[PDB]
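Structure file upload.cif with mmCIF, C-alpha atoms:
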```cif
data_structure
loop_
_atom_site.label_atom_id
_atom_site.label_comp_id
_atom_site.auth_asym_id
_atom_site.auth_seq_id
_atom_site.Cartn_x
_atom_site.Cartn_y
_atom_site.Cartn_z
CA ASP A 1 147.52 5.21 -219.60
CA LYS A 2 150.50 5.22 -221.93
CA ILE A 3 153.98 3.99 -221.18
CA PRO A 4 157.22 3.82 -223.19
CA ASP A 5 157.09 1.32 -226.04
CA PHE A 6 160.17 -0.44 -224.61
CA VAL A 7 158.33 -1.27 -221.37
CA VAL A 8 156.38 -4.41 -222.30
CA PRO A 9 153.99 -6.63 -220.31
CA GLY A 10 155.19 -10.00 -219.14
CA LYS A 11 158.63 -11.48 -218.54
CA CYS A 12 161.75 -11.61 -220.63
CA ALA A 13 161.65 -14.36 -223.29
CA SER A 14 163.48 -17.66 -223.03
CA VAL A 15 166.20 -17.22 -225.61
CA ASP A 16 168.45 -20.35 -225.91
CA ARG A 17 171.58 -18.87 -224.47
CA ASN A 18 173.63 -22.08 -223.77
CA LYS A 19 173.71 -23.08 -227.39
CA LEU A 20 174.58 -19.56 -228.51
CA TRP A 21 177.21 -19.29 -225.84
CA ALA A 22 178.87 -22.52 -226.89
CA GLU A 23 178.80 -21.51 -230.59
CA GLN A 24 180.30 -18.14 -229.83
CA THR A 25 183.09 -18.93 -227.34
CA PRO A 26 185.44 -20.34 -230.02
CA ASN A 27 184.83 -17.38 -232.29
CA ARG A 28 185.61 -14.32 -230.19
CA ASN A 29 188.42 -13.15 -232.45
CA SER A 30 186.08 -13.30 -235.41
CA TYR A 31 183.64 -11.01 -233.57
CA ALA A 32 186.32 -8.38 -233.02
CA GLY A 33 186.91 -5.42 -235.32
CA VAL A 34 184.48 -2.74 -236.43
CA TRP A 35 180.71 -3.04 -236.31
CA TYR A 36 178.28 -0.30 -237.35
CA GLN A 37 174.87 0.00 -235.68
CA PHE A 38 172.42 -0.43 -238.54
CA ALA A 39 169.21 -0.14 -236.50
CA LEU A 40 167.99 -0.37 -232.90
CA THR A 41 164.77 -0.38 -230.92
CA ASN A 42 164.07 2.68 -228.72
CA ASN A 43 166.93 2.89 -226.24
CA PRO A 44 167.07 5.73 -223.68
CA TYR A 45 170.64 4.78 -222.67
CA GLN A 46 172.48 5.05 -226.04
CA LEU A 47 174.19 8.42 -226.01
CA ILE A 48 175.40 8.18 -229.61
CA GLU A 49 172.66 9.09 -232.06
CA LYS A 50 174.28 8.94 -235.47
CA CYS A 51 177.21 7.24 -237.25
CA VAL A 52 177.48 4.68 -234.46
CA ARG A 53 180.73 2.80 -234.94
CA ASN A 54 181.79 0.13 -232.41
CA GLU A 55 185.43 -0.95 -232.53
CA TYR A 56 186.10 -4.14 -230.60
CA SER A 57 189.54 -5.48 -229.49
CA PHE A 58 189.70 -8.95 -228.00
CA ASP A 59 192.45 -9.51 -225.45
CA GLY A 60 191.72 -13.20 -224.91
CA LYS A 61 189.35 -12.67 -221.96
CA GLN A 62 187.13 -9.74 -222.91
CA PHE A 63 186.52 -7.11 -225.53
CA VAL A 64 187.61 -3.55 -225.15
CA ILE A 65 185.25 -1.26 -227.05
CA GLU A 66 185.58 2.20 -228.51
CA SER A 67 182.12 3.38 -229.55
CA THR A 68 182.01 6.62 -231.54
CA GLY A 69 179.62 8.76 -233.55
CA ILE A 70 177.57 11.95 -233.21
CA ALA A 71 175.85 12.62 -229.85
CA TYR A 72 172.32 14.00 -229.53
CA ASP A 73 173.74 17.53 -229.15
CA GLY A 74 175.58 17.25 -232.44
CA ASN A 75 179.12 16.79 -231.11
CA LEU A 76 181.48 13.94 -231.80
CA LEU A 77 181.51 11.46 -228.91
CA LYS A 78 183.63 8.51 -227.88
CA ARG A 79 182.49 6.05 -225.26
CA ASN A 80 184.74 3.39 -223.67
CA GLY A 81 183.11 0.03 -223.20
CA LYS A 82 183.84 -3.58 -222.31
CA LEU A 83 182.19 -6.88 -223.11
CA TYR A 84 183.06 -9.65 -220.64
CA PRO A 85 181.44 -12.89 -219.44
CA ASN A 86 178.60 -12.45 -216.98
CA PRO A 87 180.23 -12.47 -213.51
CA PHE A 88 177.92 -15.18 -212.10
CA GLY A 89 178.87 -17.61 -214.87
CA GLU A 90 175.60 -17.13 -216.82
CA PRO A 91 175.87 -17.98 -220.53
CA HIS A 92 175.96 -14.46 -221.80
CA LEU A 93 178.17 -11.42 -221.90
CA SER A 94 177.84 -8.23 -219.89
CA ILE A 95 178.15 -5.03 -221.89
CA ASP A 96 179.56 -2.24 -219.69
CA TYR A 97 180.38 1.40 -220.42
CA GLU A 98 182.16 4.11 -218.48
CA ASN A 99 179.78 6.11 -216.31
CA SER A 100 176.92 3.70 -217.09
CA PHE A 101 175.03 0.57 -215.97
CA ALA A 102 176.11 -2.85 -217.33
CA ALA A 103 173.60 -5.19 -218.96
CA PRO A 104 173.30 -8.64 -220.40
CA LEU A 105 173.99 -8.82 -224.10
CA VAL A 106 173.04 -11.87 -226.09
CA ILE A 107 174.21 -12.44 -229.64
CA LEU A 108 171.02 -13.97 -230.99
CA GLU A 109 172.58 -14.64 -234.40
CA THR A 110 175.69 -13.63 -236.30
CA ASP A 111 177.67 -14.71 -239.35
CA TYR A 112 180.70 -12.66 -238.10
CA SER A 113 181.45 -11.25 -241.58
CA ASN A 114 178.21 -9.37 -242.42
CA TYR A 115 175.76 -9.00 -239.53
CA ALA A 116 174.93 -9.49 -235.90
CA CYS A 117 171.55 -9.47 -234.13
CA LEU A 118 171.91 -8.38 -230.48
CA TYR A 119 169.47 -8.51 -227.60
CA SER A 120 169.28 -7.31 -223.99
CA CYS A 121 166.33 -7.73 -221.60
CA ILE A 122 165.55 -6.77 -218.01
CA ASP A 123 162.68 -7.93 -215.85
CA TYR A 124 161.02 -5.43 -213.54
CA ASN A 125 159.25 -6.14 -210.24
CA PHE A 126 155.82 -5.07 -211.61
CA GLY A 127 155.09 -7.65 -214.30
CA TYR A 128 156.83 -5.99 -217.24
CA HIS A 129 160.22 -6.14 -218.94
CA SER A 130 162.27 -3.86 -221.07
CA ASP A 131 164.24 -5.11 -224.01
CA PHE A 132 166.70 -3.51 -226.32
CA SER A 133 167.56 -4.94 -229.73
CA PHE A 134 170.21 -4.03 -232.28
CA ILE A 135 171.18 -4.93 -235.82
CA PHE A 136 174.91 -4.59 -236.46
CA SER A 137 176.66 -4.58 -239.85
CA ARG A 138 180.26 -4.84 -240.96
CA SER A 139 179.54 -1.93 -243.32
CA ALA A 140 177.59 1.29 -243.27
CA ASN A 141 174.85 -0.43 -245.25
CA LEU A 142 173.25 -3.83 -244.72
CA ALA A 143 171.58 -5.84 -247.45
CA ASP A 144 167.95 -6.87 -246.95
CA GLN A 145 168.90 -10.54 -246.93
CA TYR A 146 170.79 -10.02 -243.70
CA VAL A 147 168.26 -7.61 -242.20
CA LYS A 148 165.62 -10.30 -242.75
CA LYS A 149 167.76 -12.82 -240.89
CA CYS A 150 167.68 -10.57 -237.87
CA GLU A 151 163.96 -9.90 -238.34
CA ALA A 152 163.35 -13.64 -238.21
CA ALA A 153 165.51 -14.02 -235.12
CA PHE A 154 163.73 -11.30 -233.23
CA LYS A 155 160.27 -12.48 -234.29
CA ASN A 156 161.25 -15.89 -233.02
CA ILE A 157 161.60 -14.45 -229.49
CA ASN A 158 158.47 -12.43 -229.75
CA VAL A 159 160.08 -9.07 -230.31
CA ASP A 160 157.91 -6.59 -232.37
CA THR A 161 160.29 -5.80 -235.17
CA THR A 162 158.28 -2.74 -236.12
CA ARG A 163 160.13 -1.23 -233.12
CA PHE A 164 163.38 -0.95 -235.10
CA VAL A 165 164.60 2.47 -236.22
CA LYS A 166 167.47 2.84 -238.73
CA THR A 167 170.60 4.72 -237.59
CA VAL A 168 172.26 7.33 -239.74
CA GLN A 169 175.32 5.85 -241.43
CA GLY A 170 177.42 6.27 -244.58
CA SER A 171 179.29 8.88 -246.50
CA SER A 172 178.01 11.79 -244.34
CA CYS A 173 179.67 10.25 -241.26
CA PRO A 174 183.18 11.38 -240.26
CA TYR A 175 184.39 7.85 -239.56
CA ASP A 176 188.07 8.61 -240.10
CA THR A 177 187.81 11.34 -237.47
CA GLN A 178 185.80 9.10 -235.13
CA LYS A 179 188.43 6.39 -235.25
CA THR A 180 191.05 8.88 -233.88
CA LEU A 181 189.02 10.12 -230.89
CA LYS B 2 153.06 12.10 -216.60
CA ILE B 3 156.23 9.94 -215.96
CA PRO B 4 157.58 7.92 -213.08
CA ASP B 5 158.78 9.72 -209.98
CA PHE B 6 162.21 8.12 -210.45
CA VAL B 7 162.73 9.72 -213.91
CA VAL B 8 163.99 13.23 -212.92
CA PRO B 9 165.16 16.18 -215.04
CA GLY B 10 168.82 16.88 -215.51
CA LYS B 11 172.07 15.01 -215.28
CA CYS B 12 173.02 12.68 -212.47
CA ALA B 13 174.52 14.57 -209.58
CA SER B 14 178.20 15.05 -209.03
CA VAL B 15 178.74 13.17 -205.72
CA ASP B 16 182.35 13.46 -204.54
CA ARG B 17 183.16 9.83 -205.19
CA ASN B 18 186.93 10.11 -204.73
CA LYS B 19 186.68 11.39 -201.17
CA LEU B 20 184.22 8.58 -200.43
CA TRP B 21 186.34 5.91 -202.07
CA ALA B 22 189.40 7.03 -200.10
CA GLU B 23 187.44 6.80 -196.87
CA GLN B 24 185.80 3.48 -197.67
CA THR B 25 188.40 1.36 -199.41
CA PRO B 26 190.37 0.51 -196.20
CA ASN B 27 187.10 -0.21 -194.31
CA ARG B 28 185.53 -2.80 -196.61
CA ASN B 29 185.84 -5.42 -194.00
CA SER B 30 183.67 -3.31 -191.65
CA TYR B 31 180.93 -3.05 -194.26
CA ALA B 32 180.46 -6.87 -194.30
CA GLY B 33 177.77 -8.64 -192.37
CA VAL B 34 174.03 -8.15 -192.37
CA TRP B 35 172.26 -4.99 -193.49
CA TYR B 36 168.50 -4.52 -193.47
CA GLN B 37 166.84 -2.24 -196.01
CA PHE B 38 165.13 0.40 -193.88
CA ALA B 39 163.76 2.54 -196.71
CA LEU B 40 164.22 3.13 -200.45
CA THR B 41 163.04 5.36 -203.27
CA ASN B 42 160.82 3.80 -205.96
CA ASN B 43 162.78 1.01 -207.51
CA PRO B 44 161.44 -1.13 -210.38
CA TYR B 45 164.36 -3.57 -210.16
CA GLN B 46 164.19 -4.71 -206.53
CA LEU B 47 162.37 -8.06 -206.50
CA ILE B 48 162.21 -8.28 -202.69
CA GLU B 49 159.35 -6.19 -201.24
CA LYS B 50 159.45 -6.87 -197.49
CA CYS B 51 161.83 -8.00 -194.77
CA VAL B 52 164.80 -7.21 -197.00
CA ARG B 53 167.95 -8.68 -195.42
CA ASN B 54 171.28 -8.38 -197.21
CA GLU B 55 174.20 -10.49 -196.00
CA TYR B 56 177.58 -9.35 -197.27
CA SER B 57 180.80 -11.37 -197.27
CA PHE B 58 184.10 -9.60 -198.18
CA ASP B 59 186.81 -11.63 -199.91
CA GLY B 60 189.58 -9.02 -200.07
CA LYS B 61 188.50 -7.64 -203.46
CA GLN B 62 184.67 -7.83 -203.68
CA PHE B 63 181.55 -8.66 -201.67
CA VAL B 64 179.30 -11.61 -202.19
CA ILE B 65 175.71 -10.89 -201.24
CA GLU B 66 172.81 -13.06 -200.19
CA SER B 67 169.62 -11.00 -200.21
CA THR B 68 166.44 -12.47 -198.77
CA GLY B 69 162.93 -11.46 -197.83
CA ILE B 70 159.36 -11.60 -199.11
CA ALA B 71 158.79 -11.14 -202.85
CA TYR B 72 155.93 -9.09 -204.28
CA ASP B 73 153.83 -12.28 -204.55
CA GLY B 74 154.15 -12.96 -200.82
CA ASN B 75 156.61 -15.82 -201.19
CA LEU B 76 160.13 -16.02 -199.70
CA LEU B 77 162.89 -15.13 -202.15
CA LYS B 78 166.67 -15.34 -202.19
CA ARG B 79 168.78 -13.32 -204.66
CA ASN B 80 172.50 -13.69 -205.21
CA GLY B 81 174.52 -10.54 -205.69
CA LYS B 82 178.01 -9.16 -205.92
CA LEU B 83 179.54 -5.75 -205.17
CA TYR B 84 182.91 -5.18 -206.87
CA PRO B 85 185.03 -2.21 -208.00
CA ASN B 86 183.83 -0.57 -211.18
CA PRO B 87 185.65 -2.41 -214.02
CA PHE B 88 186.86 0.80 -215.65
CA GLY B 89 188.70 1.82 -212.45
CA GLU B 90 186.05 4.47 -211.55
CA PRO B 91 185.88 5.35 -207.84
CA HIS B 92 182.69 3.42 -207.09
CA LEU B 93 181.41 -0.11 -206.81
CA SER B 94 179.22 -2.02 -209.21
CA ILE B 95 176.23 -3.85 -207.69
CA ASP B 96 175.37 -6.90 -209.77
CA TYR B 97 172.69 -9.55 -209.30
CA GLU B 98 171.95 -12.87 -210.98
CA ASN B 99 169.73 -12.45 -214.06
CA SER B 100 169.74 -8.62 -213.78
CA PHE B 101 171.66 -5.53 -214.86
CA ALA B 102 174.62 -4.15 -212.84
CA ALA B 103 174.67 -0.56 -211.65
CA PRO B 104 176.99 1.88 -209.92
CA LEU B 105 176.55 1.97 -206.19
CA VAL B 106 177.93 4.80 -204.10
CA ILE B 107 178.01 4.75 -200.31
CA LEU B 108 177.17 8.40 -199.66
CA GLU B 109 177.66 7.95 -195.91
CA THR B 110 178.04 5.12 -193.43
CA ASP B 111 179.19 4.57 -189.84
CA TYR B 112 179.50 0.80 -190.40
CA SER B 113 177.86 -0.01 -187.03
CA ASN B 114 174.38 1.44 -187.50
CA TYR B 115 173.55 2.83 -190.94
CA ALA B 116 174.49 3.25 -194.57
CA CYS B 117 173.10 5.67 -197.18
CA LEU B 118 173.34 4.16 -200.69
CA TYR B 119 172.93 5.76 -204.10
CA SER B 120 172.80 4.76 -207.75
CA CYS B 121 172.12 6.92 -210.80
CA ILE B 122 171.80 6.48 -214.55
CA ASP B 123 171.67 9.11 -217.27
CA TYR B 124 169.30 9.01 -220.23
CA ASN B 125 169.94 10.34 -223.71
CA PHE B 126 167.00 12.76 -223.44
CA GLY B 127 168.62 14.71 -220.63
CA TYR B 128 166.91 13.20 -217.58
CA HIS B 129 168.27 10.69 -215.09
CA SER B 130 166.98 8.05 -212.77
CA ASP B 131 168.39 7.56 -209.34
CA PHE B 132 167.77 4.96 -206.78
CA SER B 133 168.51 5.53 -203.09
CA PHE B 134 168.45 3.30 -200.02
CA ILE B 135 168.79 3.60 -196.26
CA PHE B 136 170.35 0.50 -194.69
CA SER B 137 170.43 -0.35 -190.97
CA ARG B 138 172.28 -2.96 -188.98
CA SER B 139 168.95 -3.60 -187.23
CA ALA B 140 165.28 -3.93 -188.16
CA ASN B 141 164.67 -0.46 -186.79
CA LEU B 142 166.89 2.56 -187.30
CA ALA B 143 167.19 5.43 -184.79
CA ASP B 144 165.89 8.78 -185.99
CA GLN B 145 169.29 10.37 -185.69
CA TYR B 146 170.65 8.03 -188.33
CA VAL B 147 167.64 8.43 -190.60
CA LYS B 148 168.27 12.17 -190.41
CA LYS B 149 171.93 11.70 -191.31
CA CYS B 150 170.95 9.89 -194.49
CA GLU B 151 168.31 12.52 -195.28
CA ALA B 152 170.98 15.25 -195.01
CA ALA B 153 173.42 13.30 -197.18
CA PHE B 154 170.80 12.82 -199.92
CA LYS B 155 169.67 16.45 -199.72
CA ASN B 156 173.30 17.49 -200.18
CA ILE B 157 173.28 15.86 -203.62
CA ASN B 158 169.83 17.18 -204.51
CA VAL B 159 167.99 13.88 -204.19
CA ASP B 160 164.41 14.59 -203.04
CA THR B 161 164.20 12.71 -199.78
CA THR B 162 160.41 12.81 -199.77
CA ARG B 163 160.78 9.95 -202.27
CA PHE B 164 161.79 7.50 -199.52
CA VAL B 165 159.28 4.84 -198.53
CA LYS B 166 159.83 2.63 -195.46
CA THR B 167 160.34 -1.12 -195.98
CA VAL B 168 158.49 -3.62 -193.83
CA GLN B 169 160.86 -4.95 -191.17
CA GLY B 170 160.59 -6.47 -187.69
CA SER B 171 158.28 -8.96 -185.93
CA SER B 172 156.18 -9.63 -188.95
CA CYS B 173 159.38 -10.98 -190.73
CA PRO B 174 160.61 -14.58 -190.96
CA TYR B 175 164.32 -13.81 -190.73
CA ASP B 176 165.33 -17.16 -189.23
CA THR B 177 163.76 -18.95 -192.23
CA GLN B 178 165.38 -16.40 -194.53
CA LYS B 179 168.87 -17.15 -193.04
CA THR B 180 168.35 -20.72 -194.18
CA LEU B 181 167.62 -20.05 -197.84
#
```

Would you mind giving the structure from this file in structure tokens?
Amino acid sequence: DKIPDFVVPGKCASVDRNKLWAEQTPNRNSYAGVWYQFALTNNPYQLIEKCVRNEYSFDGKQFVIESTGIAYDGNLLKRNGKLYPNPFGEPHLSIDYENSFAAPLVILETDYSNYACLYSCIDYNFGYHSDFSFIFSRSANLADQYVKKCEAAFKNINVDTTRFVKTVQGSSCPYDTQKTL
Amino acid sequence: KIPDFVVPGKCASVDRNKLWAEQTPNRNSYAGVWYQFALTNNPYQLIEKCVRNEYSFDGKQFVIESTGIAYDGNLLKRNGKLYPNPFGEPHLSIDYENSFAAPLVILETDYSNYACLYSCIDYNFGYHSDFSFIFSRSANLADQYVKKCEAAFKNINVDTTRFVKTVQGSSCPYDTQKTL
């Protein structure tokens, strides 16, 4: 039998959230601004296929997100999101979007000015989990030195980095239009 | 050949504003204990049998203590919350410790006997998954109320043959569960 490659035997990995959480709380303003999705592992929830541009505004208690790009049907699309602390006090953020589920979102590693390596995982009741990983860049491109940092981070939590797929970005993307949606 | 909870098409349009208008003044009457009578295939629900959900309303949200027997046969408690959708959408979010949060619509309830609950998520490939539940104030639920939920789910084109009954009743250690 075959199943989606994002449904994986066993439980979600450990991932040292308290340390990350404590590193990241002082730095929220530095995480704000525009992040481009450089690559992601197979994600059946992401409605934006190409030119994925995530604009974050920090209001002192959460991030308000405008996510834009080209949808799977070829039209421009804007999605309104939020990133806020997990409501049970767990050491991670919840990422939430209009007309969507909300999920944990761990920042496995970031330097704030070039890249971010993001991770979400869910355990199922039948001995499997699904996880969803992302490489974010402050630009349309991302140098291999930074990509390799994320590769290391994901390998360290036993994520198969051959699962990453690059997202269309760059001069073919109507970013100046997207930012006005 | 794909799971029976991955269904073609978009999530149904459900008439959430009418339901929110009806329900928002009655939150207090939704508190207390609800047993899960039946549900459609759900890969997220960690409690297999004897599912007992105790709701406390604080004015703004519900706190939930869910107990029963896990899939390994051991007792389990899960902590949940049910709060208004943070974007101001006319539905609640159901959230549990160390899980995802999802929309949760009350398609129909009489507060004193039954509730018919519904969640749906859209995929980027044009299918959806929905997750439906029949709750009862008791371990059993009279047929008339089962039928009311069936009609409410059929009205939004959820295939009610997907429901499976949850173990409830004498085989269940509720007084231990109350305790957890």

Given the file shown, determine the residues that the PyMOL selection byres ((chain B) within 6 of (chain A)) selects; report them as a VMD selection string.
chain B and resid 44 to 45 47 101 to 103 124 to 125

Show me, as a short mmCIF file (atom, residue, chain, number, x, y, z; two decimals) with C-alpha atoms, in the frame of the given file, the residues that have an atom within 10 Å of residue 163 (chain B) when counting all atoms listed in the file, minus same-chain residues fewer than 3 positions from it.
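File result.cif, as written:
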```
data_model
loop_
_atom_site.label_atom_id
_atom_site.label_comp_id
_atom_site.auth_asym_id
_atom_site.auth_seq_id
_atom_site.Cartn_x
_atom_site.Cartn_y
_atom_site.Cartn_z
CA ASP B 5 158.78 9.72 -209.98
CA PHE B 6 162.21 8.12 -210.45
CA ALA B 39 163.76 2.54 -196.71
CA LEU B 40 164.22 3.13 -200.45
CA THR B 41 163.04 5.36 -203.27
CA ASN B 42 160.82 3.80 -205.96
CA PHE B 132 167.77 4.96 -206.78
CA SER B 133 168.51 5.53 -203.09
CA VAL B 159 167.99 13.88 -204.19
CA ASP B 160 164.41 14.59 -203.04
#
```

Apply the PyMOL selection byres ((chain A and resi 59-65) around 12) to the file shown and report the selected residues as number ranges by chain.
A: 25-35, 53-58, 66-68, 78-87, 93-98, 179; B: 87-88

The residue from B:181, B:122, B:95, B:48 with the smallest atom-to-atom distance to residue 74 (chain B), counting only C-alpha atoms, is B:48

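Atom to atom, CA of residue 76 (chain B) and CA of residue 118 (chain B) stand 24.1 Å apart.
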
Residue neighbourhood residue 60 (chain B), 9 Å, all atoms listed in the file, exclusion window fewer than 3 positions, as a ChimeraX atom specification:
/B:28-29,63

Write the selection just made, keeping C-alpha atoms, as a short mmCIF file (atom, residue, chain, number, x, y, z; two decimals), keeping the file's coordinate frame?
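File produced: part-v5.cif:
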```
data_model
loop_
_atom_site.label_atom_id
_atom_site.label_comp_id
_atom_site.auth_asym_id
_atom_site.auth_seq_id
_atom_site.Cartn_x
_atom_site.Cartn_y
_atom_site.Cartn_z
CA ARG B 28 185.53 -2.80 -196.61
CA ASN B 29 185.84 -5.42 -194.00
CA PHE B 63 181.55 -8.66 -201.67
#
```

What's the 12 Å shell around residue 156 (chain B), counting only C-alpha atoms, without same-chain residues fewer than 4 positions away, as a ChimeraX atom specification?
/B:13-16,108-109,149-152,160-161

Keeping C-alpha atoms for every residue in the selection just given, could you write it to a file as a compact mmCIF listing (two decimals), in the coordinates of the input?
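Final output, result.txt:
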```
# COMPACT_ATOMS: atom_id res chain seq x y z
CA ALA B 13 174.52 14.57 -209.58
CA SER B 14 178.20 15.05 -209.03
CA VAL B 15 178.74 13.17 -205.72
CA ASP B 16 182.35 13.46 -204.54
CA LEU B 108 177.17 8.40 -199.66
CA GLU B 109 177.66 7.95 -195.91
CA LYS B 149 171.93 11.70 -191.31
CA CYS B 150 170.95 9.89 -194.49
CA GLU B 151 168.31 12.52 -195.28
CA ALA B 152 170.98 15.25 -195.01
CA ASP B 160 164.41 14.59 -203.04
CA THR B 161 164.20 12.71 -199.78
```

Selected by the PyMOL selection byres ((chain A and resi 52) around 6) in the shown coordinates: which residues, as a VMD selection string?
chain A and resid 36 to 37 50 to 51 53 68 to 69
